[PDB]
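Residue-level structure breakdown
Below are the chains, spelled out letter by letter.
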Amino acid sequence: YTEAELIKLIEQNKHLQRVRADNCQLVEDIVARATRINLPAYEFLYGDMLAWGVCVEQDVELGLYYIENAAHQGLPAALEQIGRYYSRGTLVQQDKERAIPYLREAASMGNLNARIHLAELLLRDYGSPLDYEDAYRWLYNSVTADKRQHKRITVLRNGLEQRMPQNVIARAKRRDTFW
Amino acid sequence: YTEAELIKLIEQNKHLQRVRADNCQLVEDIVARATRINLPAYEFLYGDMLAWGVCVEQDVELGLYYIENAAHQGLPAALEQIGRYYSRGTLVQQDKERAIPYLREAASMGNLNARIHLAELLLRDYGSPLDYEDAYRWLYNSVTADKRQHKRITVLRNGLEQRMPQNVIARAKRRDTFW
Amino acid sequence: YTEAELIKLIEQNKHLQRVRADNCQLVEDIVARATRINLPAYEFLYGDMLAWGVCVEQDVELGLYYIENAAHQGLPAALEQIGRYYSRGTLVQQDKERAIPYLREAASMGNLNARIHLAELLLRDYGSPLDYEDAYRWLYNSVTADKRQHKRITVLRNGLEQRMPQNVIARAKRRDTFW
Amino acid sequence: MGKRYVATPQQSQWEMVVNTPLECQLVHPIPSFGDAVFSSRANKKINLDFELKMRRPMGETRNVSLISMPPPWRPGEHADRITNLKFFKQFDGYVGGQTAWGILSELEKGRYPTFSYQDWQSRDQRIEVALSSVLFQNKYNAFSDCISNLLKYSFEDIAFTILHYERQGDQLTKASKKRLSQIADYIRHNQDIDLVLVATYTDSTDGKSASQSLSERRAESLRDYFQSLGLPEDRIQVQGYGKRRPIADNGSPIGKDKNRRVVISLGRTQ
Amino acid sequence: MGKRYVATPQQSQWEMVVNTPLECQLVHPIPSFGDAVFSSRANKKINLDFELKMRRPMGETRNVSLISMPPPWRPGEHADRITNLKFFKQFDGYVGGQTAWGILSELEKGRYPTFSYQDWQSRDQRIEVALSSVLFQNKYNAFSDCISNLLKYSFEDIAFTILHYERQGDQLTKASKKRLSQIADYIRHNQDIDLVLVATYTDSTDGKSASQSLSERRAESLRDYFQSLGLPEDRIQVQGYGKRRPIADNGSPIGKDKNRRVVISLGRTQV
Amino acid sequence: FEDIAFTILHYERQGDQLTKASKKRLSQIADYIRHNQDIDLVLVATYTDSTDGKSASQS
């Protein structure tokens with residue numbers, strides 16, 4: 001795999017499906033690239049392979065370690081995955097308040113899933129109003145092509161708007177924000 | 001055209017008719033003389049040609065610009081034309097109080113049309129009594145051969161006389177005034 | 001086209017009709033001139049063609065991009081185009097107060113349509129009563145041969161005057177010279 | 001109760017801020033509200049502007065009532081309704097024409113001109129603003145004196161001037177010298193005039209070289225005169241066009257005198 | 001007997017914190033509670049913010065009642081109900097529009113603007129927060145003087161400017177000089193701008209080389225001027241185009257006047 | 001400490017300076033560090049885009 005294709009597959013959540021479609025012929029290459037070169041895309045892929053035990057044996061601790069290393073280097077999907085693992089209690093002990101920072105960082109980097117999940121957590125009182133602004137900002141200038149996700153984003157935006165004054169809302173809609 | 005003949009045609013308001021009678025064969029010469037030599041008679045002629053769009057295309061701004069240049073150099077007919085354009089709202093936004101100075105200058109130079117129009121504007125309260133004297137003076141020693149215009153001038157003179165004291169009237173009739 | 005020819009075509013809102021008449025032979029010429037040398041008139045023409053799909057495939061996003069490219073150059077017609085698009089909601093979300101700053105620059109450049117639309121928007125309460133003086137000045141100094149446009153400008157001037165102290169109207173009517 | 005903005009006799013003061021032959025400005029500070037400014041300018045017509053300048057700008061356009069209320073120290077006198085104005089949003093209140101002179105007159109009688117309207121900044125409640133007549137008489141006399149000493153022409157009346165020369169000599173005619181004196185007065189009293197354009201040109205009687213020499217000598221004399229008024233040399237522009245560009249029919253005695261002329265054009269920075 | 005936060009006549013004080021042509025700020029410290037801040041800023045339109053800043057932030061979003069209560073030393077006077085606001089969790093209380101001017105007006109009349117609400121930090125009991133009108137009038141006069149001296153335009157109004165040059169020389173027209181002076185005032189007082197694009201053009205009178213040289217000359221003159229205004233060199237990006245890229249018909253003097261222009265674009269990022 | 005322990009900052013397209021938001025976050029980090037004496041380790045991992053050459057990118 002090239003790095004760019006692996007990154008794009010990671011963002012679409014089809015890296016595991018692709019590796020299965022290859023009948024797991026590149027497993028040795030993935031292991032070598034992740035463990036030795038420390039390529040964040042390959043680190044995330046190897047961590048997901050170890051964690052959920054596809055082809056390779058199921059080693060939850062080591063898989064989470066390599067996912068955390070991909071996050072260390074800063075792969076937004078890795079941060080989002082760790083955040084949703086903490087928020088939903090998948091392979092880890094459920095701690096939404098611990099999930100919040102990971103999701104916040106992934107959202108700040110540009111991960112739409114992280115943005116939606118963070119807004120949902122905040123609307124359940126699992127954070128502080130001192131986030132709403134940023135979260136609202138991140139939900140404001142976000143472009144999606146899925147009508148279902150678009151409706152969900154609009155609903156979350158209105159839910160956040162019902163909780164901040166006009167001063168803060170004005171400041172949020174009037175800031176430089178990208179990704 | 002010679003300069004003197006063009007000036008006399010301008011004073012009679014037949015320069016455009018003459019140019020039409022020539023079937024617009026000297027248009028290039030008119031353009032060259034106005035734009036390059038800056039001859040006030042040709043500047044006024046070119047401005048009228050551009051403004052009302054005869055033979056040449058209708059360019060109101062440029063025509064008024066060249067008329068204003070003819071006025072800059074001091075052609076009395078140009079000043080009178082700009083004044084009556086402002087007073088009647090022809091090709092410009094109607095502002096009689098703005099028209100007044102142009103008409104006043106043209107009248108002071110000797111333009112009979114400017115004198116009559118200025119007296120008419122003053123008699124409609126579109127100026128100040130501090131003009132009447134001069135205007136009255138300009139209407140007093142003015143010689144016309146048209147009986148209709150002579151009657152109009154006499155009427156305007158009486159209208160101005162009904163508004164100034166005997167002191168000012170005496171001073172007005174007793175001053176050096178020409179053209 | 002040379003460029004002055006193209007500019008004159010643009011000012012008369014006939015450039016797209018001109019390109020249509022010429023049977024779409026200028027397509028690649030326009031594209032190359034717009035995106036290679038960045039000629040503002042060619043940039044505006046290309047943006048218009050991309051916007052409405054004239055002799056090219058329609059591309060609203062890039063069309064507006066090239067219209068903006070022309071506007072930031074200084075073209076009076078691109079600025080008015082951007083302001084009118086923002087005010088009408090054509091090809092973009094409707095936004096009057098965003099429109100006004102664009103219309104102001106085109107009006108200051110001499111664009112009559114920008115002046116008229118700026119006056120219409122200000123009389124509709126889409127700007128602070130601090131843009132009234134400039135709009136009135138621009139309309140007051142406007143010259144036109146179309147009696148419909150003349151009457152429109154006069155009516156808009158009266159409407160603007162019905163919101164100003166008349167110490168501001170007098171200030172709008174003052175000039176730095178006799179002309 | 002209501003909010004009434006007026007200067008108490010210990011606070012009331014009138015000032016003549018601008019006292020020049022080109023402008024007069026009488027200012028009455030209304031405490032906690034702002035200023036009341038009467039301005040008269042050099043012009044051919046009678047003009048006075050009254051501006052109620054407010055520290056906090058006008059919130060919305062409101063109908064205003066102008067009354068001539070008697071002061072407290074005048075029992076038994078009733079109030080006279082003067083007129084109804086309109087104060088506009090984000091603009092100072094303006095009264096002009098005969099009503100501004102009437103405000104000055106009501107102040108001369110010892111009364112209080114009162115503007116009453118509903119203030120947007122004050123929860124849409126009715127407020128009054130009064131002009132005090134205490135210490136008004138002396139400043140009204142000074143204002144009348146300055147109005148007496150105002151130029152009877154404005155920048156519009158002199159910005160373009162055409163002067164004529166005598167048949168023999170380098171001197172202007174009598175009327176042209178009078179107009180040049182008017183121009184010099186306005187220039188010497190106005191510091192906002194930046195540009196002077198001089199375009200001398202003569203009759204066809206002399207030779208072309210002679211015409212050019214006469215025109216240039218006249219232009220240089222006028223440039224030196226304009227320098228004498230205090231303008232820097234980088235502002236004055238002078239050009240001699242000789243016997244070219246005739247505005248009148250050369251050959252007639254009157255036409256040649258017409259063409260023997262100078263154009264003086266002023267330009268200000270308002 | 002509930003909790004009432006008000007400054008006693010000996011404790012009340014009003015201060016002008018920010019007094020600049022870009023912002024005016026008036027602060028009333030409410031003892032044991034926090035501050036009440038009136039902020040006005042340079043803009044094309046009337047604007048006033050009232051912010052009730054609390055030492056202990058708002059615990060829950062609550063409905064707040066704004067009343068114009070008479071002080072104790074005014075017997076026989078009833079209280080005027082002004083409005084109902086909503087104070088939000090962990091955000092300073094905000095009042096804006098005509099209601100903030102109404103609070104200032106009720107203070108100008110010797111009354112106490114009182115906000116009443118249920119406090120989360122107080123076992124959900126009703127508490128009052130009042131602004132004292134003692135020593136207010138002098139500072140209200142200073143605040144209104146500051147408001148009168150505010151610039152009548154904001155950054156949005158000077159972001160994109162097309163200036164014009166005269167036919168002879170390298171000096172800007174009168175209107176262009178005025179607009180440049182406005183830009184200079186705002187920049188002098190703000191200096192936050194991070195992108196200053198100065199693209200100069202010329203008419204078709206001179207040759208290509210001469211026009212390019214003149215345009216670059218004027219561009220660098222403007223760059224030096226903007227540096228003198230205090231902006232760092234890195235933010236300024238000047239570019240001369242000479243006779244290239246006309247916007248008007250160079251066949252008329254009006255077109256040449258339109259073509260001798262300079263485009264100054266100011267850009268900043270709030271984030 | 002949970003909100004700032006991991007931070008990712010961005011650089012401008014041309015130059016060696018951080019963006020505005022990245023400088024703001026760096027100021028937040030500096031405040032927390034200057035007020036907290038218990039912070040022992042700082043790990044910094046800069047890396048750039050592919051536009052420049054590999055040696056240039058490393059430099």
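Everything that follows concerns the structure shown earlier in this document.
Residues numbered from 1 in each chain as written, not as in the entry; some residues may be left out. Chains lettered and ligands numbered in written order. Part of a larger assembly, values for the part shown. Heavy atoms only, no water.

1. Let's talk about the packing of aromatic side chains
Enumeration over the complete set of coordinates arrives at 45 aromatic pairs over all chains. Considering the side-chain rings of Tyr65(B) and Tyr66(B), the 5.3 Å spacing of their centres and the 80° angle between planes classify their relative orientation as edge-to-face. With a relative accessible area of 23%, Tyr65(B) lands in the partly exposed category. On the basis of relative accessibility, which here comes to 7%, the residue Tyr66(B) falls in the buried class. Aromatic pair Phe87(D) and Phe115(D): ring centres 5.7 Å apart, planes at 35°, arrangement tilted. Here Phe87(D) is found in strand 7 (residues 80–87), whereas its partner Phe115(D) is found in strand 9 (residues 112–119), with 28 residues between them in sequence. As far as the burial class goes, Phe87(D) and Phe115(D) line up, both buried. (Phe/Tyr/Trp six-rings, centres within 6.5 Å; stacked < 30°, edge-to-face > 60°. Buried < 20%, exposed > 50% of the residue type's maximum accessible area, 1.4 Å probe, protein only. Helix = DSSP H or I, 4+ residues; strand = E, 2+ residues; numbered from the N terminus.)

2. Some words on helix 11 (residues 166–173) of chain A
Residue and element names in this part refer to chain A. All of the buried residues in helix 11 are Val168, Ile169 and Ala172. Here the buried residues of helix 11 occupy an arc of 100° about the axis, which is enough to place them on one side. Check the buried side of helix 11 and you find it contacts helix 9 (129–140) and helix 10 (147–161). (Arc of directions from axis to C-beta. Contact = heavy atoms within 4.5 Å.)

3. Quick look at the interface of chain B and chain D
Of the residues lining the interface, 26 residues belong to chain B; the matching set on chain D comes to 20 residues. Interface area for chain B against chain D, summed over the two sides, is near 2,000 Å², with a carbon-plus-sulfur share of 58%. Interface area lost by chain B to chain D is led by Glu105(B), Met109(B) and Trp179(B), which between them contribute 27%. Inspection of the region where chain B meets chain D yields three salt bridges. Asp131(B) is the partner of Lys44(D) in a salt bridge, and the nearest nitrogen-oxygen pair spans 3.2 Å. If you look at where chain B meets chain D, you find eight residue pairs in polar contact. At the level of elements, helix 1 (3–12), helix 5 (60–73), helix 6 (76–88), helix 7 (96–109) and helix 9 (129–140) of chain B are the ones that each hand at least two residues to the side of chain B that touches chain D. The dominant element in the side of chain B that touches chain D, judged by the number of residues it contributes, is helix 7 of chain B, at six residues. Split by residue class, the side of chain B that touches chain D holds 13 nonpolar, seven polar and six charged. (Buried area = accessible area lost by both parts, 1.4 Å probe. Salt bridge = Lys/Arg side-chain N within 4 Å of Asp/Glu carboxyl O. Polar contact = N/O pair within 3.5 Å; in protein donor to acceptor, adjacent residues only side chain to side chain. Nonpolar A, V, L, I, M, F, W, Y, C, P; charged D, E, K, R; others polar.)

4. Regarding the pattern of salt bridges
In total, this model carries 68 salt bridges over all chains according to the counting rule given. Ionic pairing is found between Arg137(C) and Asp134(C), a salt bridge with its closest N-O pair at 3.1 Å. Residue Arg137(C) and its partner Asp134(C) are located together in helix 9 (residues 132–140), separated by three residues, close to a single helical turn. A cluster of three or more residues bridged by salt bridges with shared partners is formed by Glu133(A), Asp134(A), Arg137(A), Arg171(A) and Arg175(A).

5. Some details on the packing of helix 4 (residues 174–189) of chain D against helix 5 (residues 208–228) of chain D
All names here are of chain D. At a closest axis distance of 10 Å, the pairing of helix 4 and helix 5 adopts a crossing angle of 35°. Crossing handedness for the pair helix 4 and helix 5: right-handed. Counted together, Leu180, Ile183 and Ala184 of helix 4 and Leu222, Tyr225 and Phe226 of helix 5 form the full contact between these two elements. (Axes fitted to C-alpha atoms, helices over the stretch in contact; angles between N-to-C directions. Left-handed = near helix turned anticlockwise from the far one by under 90°.)

6. A short note on the sheet that holds strand 4 (residues 34–41) of chain D
All names here are of chain D. The strand order across the open sheet formed by five strands is 2-3-4-5-8, and the pairing between neighbours is antiparallel. At either end of the open sheet lies a strand with only one pairing partner, and these are strand 2 (15–20) and strand 8 (93–96). The mean angle between the axes of side-by-side strands here comes to 15°, regardless of whether they run parallel or antiparallel. For strand 3 (residues 23–30) and strand 4, the ladder comprises eight bridges, and the chain directions are antiparallel. (Pairing = 2+ DSSP bridges.)

7. Overview of helix 1 (residues 3–12) of chain A
All names here are of chain A. Burial in helix 1 covers these residues: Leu6, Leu9 and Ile10. What you see down the axis of helix 1 is that its buried residues fit within an arc of 105°, all on one side. Turning to helix 1, the residues buried within the fold contact helix 2 (15–21), helix 4 (40–52) and helix 6 (76–88). At the exit of helix 1 stands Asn13, carrying a positive phi of roughly 60°.

8. Brief notes about the interface of chain D and chain E
Counting from both sides, the interface comprises 17 residues of chain D and, opposite them, 21 residues of chain E. Across the chain D-chain E interface, the total number found is three salt bridges. Between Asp145(E) and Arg55(D) there is a salt bridge, with its nearest N and O atoms 3.1 Å apart. Scanning the region where chain D abuts chain E turns up eight residue pairs in polar contact. For the side of chain D that touches chain E, the class distribution of residues is five nonpolar, seven polar and five charged.

9. Focus: the state of the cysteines
Residue and element names in this part refer to chain E. Scanning the model with the defined rule gives five disulfides over all chains in all. One disulfide in the model links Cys24 with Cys146; its S-S distance is 2.0 Å. Measuring handedness by torsion sign, the sulfur bridge of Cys24 and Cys146 sits at about -90° and is left-handed. Taken as a pair, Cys24 in strand 3 (residues 23–30) and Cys146 in helix 2 (residues 137–148) lie far apart in primary sequence, 122 residues in all. Residue class for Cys24 comes out buried when judged on its relative accessible area of 0%. (Disulfide = S-S within 2.5 Å.)

10. Topic: unusual backbone geometry
Of note in this structure, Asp125(A) is not a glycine but carries a positive phi near 65°. Tracing the sequence through the fold places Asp125(A) in the loop between helix 8 (112–122) and helix 9. Take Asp125(A): its relative accessible area is 56%, and that puts it in the exposed class. One non-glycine residue, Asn13(B), adopts positive backbone phi at about 60°. With respect to the element layout, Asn13(B) can be found in the loop between helix 1 and helix 2 (15–21).

11. What to know about the sheet that holds strand 4 (residues 34–41) of chain E
Where strands meet in a sheet, backbone hydrogen bonds hold them as pairs that are either parallel or antiparallel. Residue and element names in this part refer to chain E. Pairing within the open sheet is antiparallel, and its five strands lie in the order 2-3-4-5-8. Bordering the open sheet on either side are strand 2 (15–20) and strand 8 (93–96), each of which pairs with just one other strand. Shown here is a sheet whose adjacent strand axes are inclined to one another by a mean of 15°, direction ignored. Seen against the sheet, helix 2 touches strand 2, strand 3 and strand 4 and runs at an angle of roughly 15° to strand 2.

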